[PDB]
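What follows draws every value from the coordinates through simple rules; no lab data is involved. Because the Cβ atoms are built from the backbone with ideal geometry, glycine has one as well, and the counts that use them run over all protein chains shown.
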Amino acid sequence: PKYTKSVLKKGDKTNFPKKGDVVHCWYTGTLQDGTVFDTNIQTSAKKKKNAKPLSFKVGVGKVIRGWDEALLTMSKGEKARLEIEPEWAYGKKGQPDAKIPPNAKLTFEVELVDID
Ligand SMILES: CO[C@H]1C[C@@H]2CC[C@@H](C)[C@@](O)(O2)C(=O)C(=O)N2CCCC[C@H]2C(=O)O[C@H]([C@H](C)C[C@@H]2CC[C@@H](O)[C@H](OC)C2)CC(=O)[C@H](C)/C=C(\C)[C@@H](O)[C@@H](OC)C(=O)[C@H](C)C[C@H](C)/C=C/C=C/C=C/1C
């Protein structure tokens, strides 16, 4: 796989998402030099899902390839760090209009909040 995952806080080890499911996630993304280019983790309130965690369906290509594959190995509660090679993120061109330089390897802390 072209990502690397380190478990930072262990999940419940029972509830894992399948390719069907909708996952609810908090995240922070940093570029190589350390600058966080995006987070949804909030210092005003979490409360109550204000603001709301990210939601998408796993395994169906709604998100970048690194996220899609890594979410399938996480259990509910798990906070993990993910280093994703450019090939499994925004690749050669990157996404300039969204702060992603060309050929950036990207590091994300991700936390699985809930699965339905
Ligand atoms: C302001 O914050 C943005 C998130 C930003 C966008 C730009 C990137 C730098 C970034 O900074 O986040 C970022 O941190 C990032 O790289 N992320 C977001 C967190 C998950 C991983 C990654 C990502 O894959 O983003 C995604 C990346 C940008 C796009 C994918 C790239 C690969 C390709 O396979 C996919 O095609 C399907 C599109 C953005 C998302 O996580 C959102 C949730 C999903 C989509 C937009 C698409 O799946 C779309 O499909 C048409 C949908 O079905 C959605 C649900 C439809 C509804 C109406 C739109 C919601 C839009 C929400 C946008 C949000 C909260």
Is the range 12-23 home to any residue that is under 22 Å from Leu106 (Cβ atoms), touching a residue at least 60 places away in the same chain (Cβ under 8 Å) and in contact with a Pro (Cβ under 9 Å, 6 or more places away or on another chain)? yes
Filtering the range 71-101 down to residues that are crowded, with 17+ Cβ neighbours inside 10 Å, near the ligand (Cβ under 10 Å from one of its atoms), touching a residue at least 24 places away in the same chain (Cβ under 8 Å) and not aromatic (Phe, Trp, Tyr) yields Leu71, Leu82, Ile84, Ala89, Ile100
Counting just the residues of the range 48-70 that are of a type in the set (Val, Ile, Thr) and touching an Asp or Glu at 6+ places or on another chain (Cβ under 9 Å), which one comes out surrounded by the fewest Cβ atoms within 10 Å (Cβ to Cβ)? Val60
So, in the range 1-21, how many residues would count as being within 16 Å of the ligand (Cβ to nearest atom) and over 26 Å from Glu85 (Cβ atoms)? 1
Is it the case that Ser44 is farther than 18 Å from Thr4 by Cα, more than 14 Å from the ligand (Cβ to nearest atom) and among the small types (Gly, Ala, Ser)? yes
Checking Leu112, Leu82 in turn, the sole residue that is assigned to a strand (DSSP E or B), under 14 Å from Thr4 (Cα atoms) and in contact with a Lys or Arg (Cβ under 9 Å, 6 or more places away or on another chain) turns out to be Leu82
What pairs come up if the first residue lies in the range 42-63 and is part of a strand (DSSP E or B), the second is surrounded by 11 or more Cβ atoms within 10 Å (Cβ to Cβ) and of a type in the set (A, V, I, L, M), and their beta carbons are under 6 Å apart, counting only those six or more places apart or on different chains? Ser55/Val22; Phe56/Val63; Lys57/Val22
Answer yes if at least one residue in the range 17-35 is within 11 Å of the chain's Cα centre (by Cα) and part of a loop (DSSP other than H, G, I, E, B), and no otherwise. no
